[PDB]
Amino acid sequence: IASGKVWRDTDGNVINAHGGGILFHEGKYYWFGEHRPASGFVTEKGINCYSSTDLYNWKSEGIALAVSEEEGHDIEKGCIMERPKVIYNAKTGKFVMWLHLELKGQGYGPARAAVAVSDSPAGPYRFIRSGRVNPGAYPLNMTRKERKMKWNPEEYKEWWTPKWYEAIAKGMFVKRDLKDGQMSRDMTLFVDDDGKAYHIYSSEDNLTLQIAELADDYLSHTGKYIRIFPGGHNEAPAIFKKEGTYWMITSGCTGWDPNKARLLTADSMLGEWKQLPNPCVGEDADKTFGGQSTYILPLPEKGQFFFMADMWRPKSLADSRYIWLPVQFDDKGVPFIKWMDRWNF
(Lines of atoms letter the chains of each structure in order from A and count residues from 1; the text may use other names and numbers.)
(Lines give C-alpha, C1' and ligand atoms only; values in the text may rest on other atoms or scores of the structure.)
Protein backbone atom coordinates (compact mmCIF):
# COMPACT_ATOMS: atom_id res chain seq x y z
CA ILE A 1 0.00 0.00 0.00
CA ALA A 2 1.67 3.15 -1.29
CA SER A 3 -0.25 6.19 -0.06
CA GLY A 4 -0.31 9.26 -2.28
CA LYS A 5 0.74 7.47 -5.53
CA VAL A 6 -1.34 6.88 -8.64
CA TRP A 7 -3.26 3.58 -8.11
CA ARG A 8 -4.59 1.69 -11.12
CA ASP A 9 -7.16 -1.12 -11.52
CA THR A 10 -6.44 -4.49 -13.22
CA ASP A 11 -7.08 -2.95 -16.70
CA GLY A 12 -4.37 -0.24 -16.04
CA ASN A 13 -6.98 2.50 -15.52
CA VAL A 14 -6.74 5.03 -12.66
CA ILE A 15 -8.93 4.05 -9.67
CA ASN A 16 -11.75 6.55 -9.36
CA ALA A 17 -13.55 6.00 -6.01
CA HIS A 18 -13.24 9.12 -3.84
CA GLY A 19 -14.94 9.85 -0.52
CA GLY A 20 -15.21 6.09 -0.36
CA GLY A 21 -15.59 3.10 1.89
CA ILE A 22 -15.19 -0.70 1.82
CA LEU A 23 -17.19 -3.78 2.80
CA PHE A 24 -16.37 -7.48 2.67
CA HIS A 25 -18.94 -9.95 1.25
CA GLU A 26 -18.63 -13.61 0.14
CA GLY A 27 -14.84 -13.56 -0.02
CA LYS A 28 -14.26 -10.14 -1.64
CA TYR A 29 -13.73 -6.54 -0.68
CA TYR A 30 -15.94 -3.94 -2.45
CA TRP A 31 -14.76 -0.33 -2.55
CA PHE A 32 -17.47 2.23 -3.34
CA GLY A 33 -16.67 5.85 -4.07
CA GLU A 34 -17.41 8.98 -6.12
CA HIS A 35 -16.67 8.81 -9.81
CA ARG A 36 -15.09 12.23 -10.29
CA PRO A 37 -14.69 13.76 -13.78
CA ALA A 38 -11.46 15.36 -15.05
CA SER A 39 -13.10 18.84 -14.66
CA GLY A 40 -15.91 20.46 -12.68
CA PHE A 41 -17.66 19.66 -9.39
CA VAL A 42 -20.72 17.59 -10.39
CA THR A 43 -21.49 13.95 -10.84
CA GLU A 44 -21.54 12.88 -14.49
CA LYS A 45 -21.73 9.07 -13.92
CA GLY A 46 -22.48 8.34 -10.22
CA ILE A 47 -21.00 5.98 -7.62
CA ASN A 48 -18.16 3.65 -8.81
CA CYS A 49 -17.28 0.18 -7.45
CA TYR A 50 -14.08 -1.83 -7.42
CA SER A 51 -13.51 -5.33 -5.97
CA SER A 52 -10.54 -7.24 -4.63
CA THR A 53 -9.63 -10.39 -2.74
CA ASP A 54 -6.41 -8.97 -1.21
CA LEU A 55 -6.73 -5.10 -0.89
CA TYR A 56 -3.87 -4.64 -3.47
CA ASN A 57 -5.35 -5.56 -6.86
CA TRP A 58 -8.67 -3.88 -7.73
CA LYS A 59 -11.00 -4.97 -10.50
CA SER A 60 -13.36 -2.33 -11.92
CA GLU A 61 -16.98 -3.43 -11.36
CA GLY A 62 -18.37 -0.39 -13.10
CA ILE A 63 -20.91 2.15 -11.90
CA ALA A 64 -22.92 0.77 -8.96
CA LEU A 65 -25.38 3.72 -8.64
CA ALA A 66 -25.89 5.57 -11.92
CA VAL A 67 -27.19 9.09 -12.39
CA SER A 68 -30.78 9.27 -13.77
CA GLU A 69 -31.45 10.58 -17.33
CA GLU A 70 -34.97 11.67 -16.36
CA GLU A 71 -35.20 15.49 -16.23
CA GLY A 72 -35.99 16.82 -12.72
CA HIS A 73 -35.05 13.51 -11.03
CA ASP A 74 -33.31 13.71 -7.56
CA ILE A 75 -30.20 12.07 -9.02
CA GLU A 76 -30.42 13.51 -12.50
CA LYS A 77 -27.05 13.94 -14.20
CA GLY A 78 -25.45 17.11 -12.78
CA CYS A 79 -26.50 16.50 -9.16
CA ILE A 80 -23.66 16.15 -6.61
CA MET A 81 -23.26 12.63 -5.18
CA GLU A 82 -20.70 12.45 -2.33
CA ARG A 83 -19.33 10.10 0.34
CA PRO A 84 -21.29 7.00 -0.48
CA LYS A 85 -21.35 4.09 2.00
CA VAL A 86 -22.74 0.59 1.70
CA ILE A 87 -23.86 -1.77 4.51
CA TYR A 88 -25.24 -5.30 4.18
CA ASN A 89 -28.54 -5.87 5.92
CA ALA A 90 -28.50 -9.44 7.39
CA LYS A 91 -32.29 -9.51 7.96
CA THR A 92 -33.37 -8.70 4.40
CA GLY A 93 -30.18 -9.90 2.63
CA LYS A 94 -29.98 -6.58 0.73
CA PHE A 95 -27.10 -4.08 0.18
CA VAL A 96 -28.09 -0.57 1.29
CA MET A 97 -26.23 2.50 0.04
CA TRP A 98 -26.47 5.92 1.72
CA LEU A 99 -24.84 9.03 0.22
CA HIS A 100 -24.76 12.78 0.38
CA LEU A 101 -26.97 14.30 -2.37
CA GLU A 102 -27.18 17.88 -3.48
CA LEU A 103 -29.83 18.54 -6.14
CA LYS A 104 -28.69 19.60 -9.61
CA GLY A 105 -28.17 23.36 -9.98
CA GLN A 106 -28.64 24.13 -6.25
CA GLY A 107 -25.00 24.12 -5.01
CA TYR A 108 -24.84 22.61 -1.47
CA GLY A 109 -28.11 24.14 -0.21
CA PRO A 110 -30.38 21.09 -0.25
CA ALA A 111 -28.11 19.17 2.23
CA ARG A 112 -29.83 15.74 1.75
CA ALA A 113 -29.04 12.14 2.37
CA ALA A 114 -30.20 9.61 -0.22
CA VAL A 115 -30.76 5.85 0.01
CA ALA A 116 -30.55 3.11 -2.68
CA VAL A 117 -30.74 -0.70 -2.56
CA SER A 118 -29.31 -3.75 -4.39
CA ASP A 119 -29.51 -7.60 -4.17
CA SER A 120 -25.85 -7.82 -5.15
CA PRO A 121 -22.79 -5.95 -3.83
CA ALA A 122 -21.71 -4.33 -7.13
CA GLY A 123 -25.22 -3.24 -8.13
CA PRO A 124 -27.09 -2.03 -9.93
CA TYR A 125 -28.45 -0.04 -7.03
CA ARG A 126 -32.01 1.23 -7.22
CA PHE A 127 -32.61 4.74 -5.90
CA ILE A 128 -35.46 4.92 -3.36
CA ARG A 129 -35.53 8.56 -2.15
CA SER A 130 -33.68 11.60 -0.81
CA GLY A 131 -34.38 14.12 1.95
CA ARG A 132 -33.30 15.82 5.12
CA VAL A 133 -33.35 13.60 8.19
CA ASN A 134 -36.16 12.86 10.72
CA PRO A 135 -38.69 15.70 10.04
CA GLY A 136 -40.60 16.60 13.24
CA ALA A 137 -38.21 14.83 15.67
CA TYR A 138 -36.07 16.33 18.42
CA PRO A 139 -32.76 14.83 19.53
CA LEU A 140 -32.95 12.60 22.64
CA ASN A 141 -30.21 14.71 24.23
CA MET A 142 -32.10 18.03 23.96
CA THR A 143 -33.82 18.62 27.33
CA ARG A 144 -37.53 19.62 27.70
CA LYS A 145 -36.30 23.06 28.73
CA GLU A 146 -34.07 23.39 25.63
CA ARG A 147 -36.88 22.20 23.37
CA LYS A 148 -39.15 25.03 24.65
CA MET A 149 -36.69 27.85 23.81
CA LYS A 150 -37.65 30.11 20.83
CA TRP A 151 -35.12 31.97 18.66
CA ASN A 152 -36.24 34.98 16.62
CA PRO A 153 -34.22 34.78 13.39
CA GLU A 154 -33.85 38.60 13.02
CA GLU A 155 -32.12 38.78 16.44
CA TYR A 156 -29.49 36.14 15.38
CA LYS A 157 -28.54 37.24 11.82
CA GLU A 158 -24.81 37.77 12.53
CA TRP A 159 -22.88 34.49 12.74
CA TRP A 160 -20.13 33.95 15.35
CA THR A 161 -21.34 36.43 17.95
CA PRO A 162 -21.39 35.12 21.53
CA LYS A 163 -25.23 35.02 21.60
CA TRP A 164 -25.30 33.22 18.22
CA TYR A 165 -22.81 30.52 19.28
CA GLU A 166 -24.73 29.83 22.50
CA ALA A 167 -27.94 29.66 20.52
CA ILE A 168 -26.40 27.16 18.06
CA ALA A 169 -25.18 25.09 21.05
CA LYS A 170 -28.61 25.04 22.57
CA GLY A 171 -30.26 23.96 19.31
CA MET A 172 -31.37 27.02 17.36
CA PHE A 173 -30.69 25.37 13.97
CA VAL A 174 -32.26 22.04 15.10
CA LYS A 175 -35.51 24.05 15.63
CA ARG A 176 -35.10 26.04 12.45
CA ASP A 177 -34.84 22.71 10.56
CA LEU A 178 -37.34 20.72 12.65
CA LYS A 179 -40.29 20.78 10.18
CA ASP A 180 -38.50 19.66 6.99
CA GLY A 181 -35.75 17.53 8.65
CA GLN A 182 -32.12 17.90 9.83
CA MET A 183 -29.44 18.80 7.32
CA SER A 184 -27.12 16.04 6.14
CA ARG A 185 -23.92 16.61 4.24
CA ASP A 186 -20.65 14.65 5.01
CA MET A 187 -21.76 11.27 6.37
CA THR A 188 -21.00 7.68 7.15
CA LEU A 189 -22.69 4.49 8.34
CA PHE A 190 -21.94 2.06 11.10
CA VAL A 191 -23.48 -1.36 11.84
CA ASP A 192 -23.15 -2.26 15.55
CA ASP A 193 -22.79 -5.62 17.36
CA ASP A 194 -26.51 -5.98 17.88
CA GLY A 195 -27.36 -5.43 14.16
CA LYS A 196 -28.49 -1.84 14.71
CA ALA A 197 -27.19 0.56 12.09
CA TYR A 198 -26.46 4.25 12.49
CA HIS A 199 -26.24 7.13 10.10
CA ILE A 200 -23.64 9.68 11.26
CA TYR A 201 -23.69 13.07 9.50
CA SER A 202 -22.65 16.72 9.64
CA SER A 203 -25.82 18.72 10.31
CA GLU A 204 -27.01 22.21 11.26
CA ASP A 205 -25.21 24.11 8.46
CA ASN A 206 -22.18 21.75 8.95
CA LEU A 207 -21.79 23.02 12.56
CA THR A 208 -22.90 19.94 14.50
CA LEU A 209 -22.61 16.11 14.16
CA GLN A 210 -25.76 14.02 14.46
CA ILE A 211 -25.96 10.23 15.03
CA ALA A 212 -29.27 8.69 13.94
CA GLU A 213 -30.65 5.18 14.36
CA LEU A 214 -31.81 3.39 11.23
CA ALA A 215 -34.87 1.14 10.93
CA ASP A 216 -34.48 -2.66 10.86
CA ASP A 217 -34.22 -2.80 7.03
CA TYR A 218 -31.70 0.15 7.00
CA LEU A 219 -33.95 2.08 4.55
CA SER A 220 -35.17 4.85 6.85
CA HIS A 221 -34.56 6.61 10.15
CA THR A 222 -36.47 5.62 13.35
CA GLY A 223 -36.61 9.20 14.81
CA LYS A 224 -34.08 8.43 17.51
CA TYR A 225 -30.91 10.58 17.25
CA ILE A 226 -28.41 12.63 19.23
CA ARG A 227 -26.37 15.68 18.48
CA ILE A 228 -22.72 16.21 19.44
CA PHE A 229 -20.04 18.99 19.43
CA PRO A 230 -22.45 21.69 18.38
CA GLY A 231 -20.51 24.47 16.71
CA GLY A 232 -17.49 22.15 16.37
CA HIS A 233 -17.41 21.92 12.55
CA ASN A 234 -16.55 18.23 12.61
CA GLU A 235 -16.74 16.85 9.06
CA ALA A 236 -15.82 13.71 7.09
CA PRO A 237 -16.65 11.31 9.96
CA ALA A 238 -15.05 7.86 10.18
CA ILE A 239 -15.89 5.42 12.99
CA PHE A 240 -15.10 2.08 14.55
CA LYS A 241 -15.71 0.05 17.73
CA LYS A 242 -13.09 -1.85 19.65
CA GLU A 243 -13.56 -3.80 22.88
CA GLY A 244 -16.79 -1.98 23.74
CA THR A 245 -15.55 1.53 22.99
CA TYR A 246 -16.47 3.76 20.06
CA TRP A 247 -13.81 5.89 18.25
CA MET A 248 -14.50 8.51 15.61
CA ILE A 249 -12.01 10.46 13.48
CA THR A 250 -13.15 13.68 11.86
CA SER A 251 -11.80 16.67 9.97
CA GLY A 252 -12.40 20.37 10.38
CA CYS A 253 -14.50 22.43 7.93
CA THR A 254 -12.13 24.05 5.33
CA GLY A 255 -13.59 22.95 2.00
CA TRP A 256 -10.98 20.99 -0.01
CA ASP A 257 -8.00 22.22 2.03
CA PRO A 258 -6.52 19.72 4.51
CA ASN A 259 -6.73 20.57 8.18
CA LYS A 260 -6.07 19.09 11.65
CA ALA A 261 -7.93 15.80 12.44
CA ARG A 262 -9.95 15.25 15.65
CA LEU A 263 -10.50 12.13 17.71
CA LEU A 264 -13.84 11.58 19.43
CA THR A 265 -14.83 8.78 21.82
CA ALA A 266 -17.85 7.27 23.65
CA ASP A 267 -18.75 4.10 25.60
CA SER A 268 -22.21 3.99 24.01
CA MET A 269 -23.25 5.10 20.48
CA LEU A 270 -26.02 7.46 21.72
CA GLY A 271 -24.28 8.41 25.02
CA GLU A 272 -21.92 11.30 25.78
CA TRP A 273 -18.93 11.80 23.46
CA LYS A 274 -15.55 13.41 24.41
CA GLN A 275 -12.86 15.05 22.21
CA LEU A 276 -9.24 13.90 22.37
CA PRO A 277 -6.07 15.23 20.71
CA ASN A 278 -5.36 14.84 16.94
CA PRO A 279 -4.85 11.09 16.36
CA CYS A 280 -2.24 11.71 13.60
CA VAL A 281 1.38 11.81 14.84
CA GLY A 282 4.70 12.76 13.23
CA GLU A 283 5.51 15.11 10.38
CA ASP A 284 2.58 16.76 8.63
CA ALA A 285 0.18 15.39 11.28
CA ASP A 286 -1.19 18.93 11.65
CA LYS A 287 -2.53 18.68 8.10
CA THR A 288 -3.69 15.02 8.35
CA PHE A 289 -0.74 14.14 6.05
CA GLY A 290 -2.37 16.32 3.34
CA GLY A 291 -5.54 14.22 3.42
CA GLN A 292 -9.10 14.12 4.76
CA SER A 293 -10.72 11.16 6.56
CA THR A 294 -13.16 8.94 4.62
CA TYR A 295 -13.45 5.53 6.32
CA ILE A 296 -12.11 3.11 8.91
CA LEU A 297 -12.15 -0.53 7.79
CA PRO A 298 -12.13 -3.22 10.44
CA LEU A 299 -10.19 -6.41 9.69
CA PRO A 300 -11.89 -8.51 12.37
CA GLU A 301 -9.98 -11.69 11.46
CA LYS A 302 -6.82 -9.90 12.70
CA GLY A 303 -8.34 -7.63 15.38
CA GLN A 304 -6.99 -4.72 13.31
CA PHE A 305 -8.29 -1.56 11.68
CA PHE A 306 -7.09 0.67 8.86
CA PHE A 307 -7.67 4.34 8.11
CA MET A 308 -8.72 5.53 4.62
CA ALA A 309 -8.42 9.17 3.51
CA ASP A 310 -8.60 11.24 0.33
CA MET A 311 -5.88 13.57 -0.92
CA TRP A 312 -8.08 16.05 -2.73
CA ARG A 313 -7.08 17.97 -5.91
CA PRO A 314 -9.89 20.52 -6.60
CA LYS A 315 -8.26 21.61 -9.95
CA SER A 316 -8.71 18.07 -11.34
CA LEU A 317 -10.78 16.01 -8.88
CA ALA A 318 -10.04 12.77 -10.79
CA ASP A 319 -6.35 13.24 -9.95
CA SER A 320 -7.19 13.11 -6.18
CA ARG A 321 -5.13 10.32 -4.50
CA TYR A 322 -5.63 7.85 -1.60
CA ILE A 323 -3.96 7.63 1.83
CA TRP A 324 -4.46 4.28 3.58
CA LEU A 325 -2.62 3.73 6.89
CA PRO A 326 -2.87 1.25 9.73
CA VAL A 327 -4.58 2.29 12.95
CA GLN A 328 -2.15 1.77 15.84
CA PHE A 329 -2.99 1.88 19.55
CA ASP A 330 -1.00 3.37 22.47
CA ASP A 331 -0.46 1.73 25.87
CA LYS A 332 -3.81 3.12 27.13
CA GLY A 333 -5.70 1.72 24.08
CA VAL A 334 -6.10 5.15 22.35
CA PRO A 335 -5.86 4.93 18.56
CA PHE A 336 -3.23 6.87 16.60
CA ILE A 337 -2.07 7.07 12.97
CA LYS A 338 1.54 7.29 11.59
CA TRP A 339 2.53 7.80 7.95
CA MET A 340 4.25 4.89 6.20
CA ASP A 341 5.43 5.12 2.57
CA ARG A 342 4.65 1.45 1.88
CA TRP A 343 3.12 -1.19 4.09
CA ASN A 344 1.59 -4.69 3.95
CA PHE A 345 -1.33 -6.45 5.65
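A residue's number is simply how far along the shown sequence it sits, counting from 1.
- Which of 77-85 and 240-248 has higher mean CA B factor, as the PDB entry lists it: Looking at the record's C-alpha B-factors, the answer is 77-85.
- Message: Using only C-alpha atoms and the B-factors in the entry, which stretch averages higher, 293-301 or 43-51?
- Response: Per the deposited B-factors, the answer is 43-51.
- Among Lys157, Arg262, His100, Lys224, where is the Cα temperature factor highest, going by the PDB entry? Reading the PDB entry, the winner on C-alpha B-factor is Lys157.
- Message: In terms of recorded Cα temperature factor, pick the maximum from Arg144, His199, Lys274, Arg185.
- Response: Of the options given, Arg144 has the highest CA B-factor in the PDB entry.
- Task: Divide the modelled residues of the chain into thirds by Cα B-factor and specify which third, lowest, middle or highest, holds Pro279.
- Result: Lowest third.
- Query: Hey, what third does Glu213 fall into on Cα B-factor, ranked over its chain?
  - Reply: According to the entry, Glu213 has a C-alpha B-factor in the chain's lowest third.
- Hey, what third does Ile128 fall into on Cα B-factor, ranked over its chain? Its C-alpha B-factor, which the entry lists for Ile128, ranks in the highest third among residues of this chain.
- Query: Going by what the PDB entry lists, where does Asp205 fall on CA B-factor within its chain: lowest, middle or highest third?
  - Reply: Middle third by C-alpha B-factor.
- Message: By the recorded C-alpha temperature factor, relative to the other modelled residues in its chain, which third is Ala64 in?
- Response: Middle third by C-alpha B-factor.
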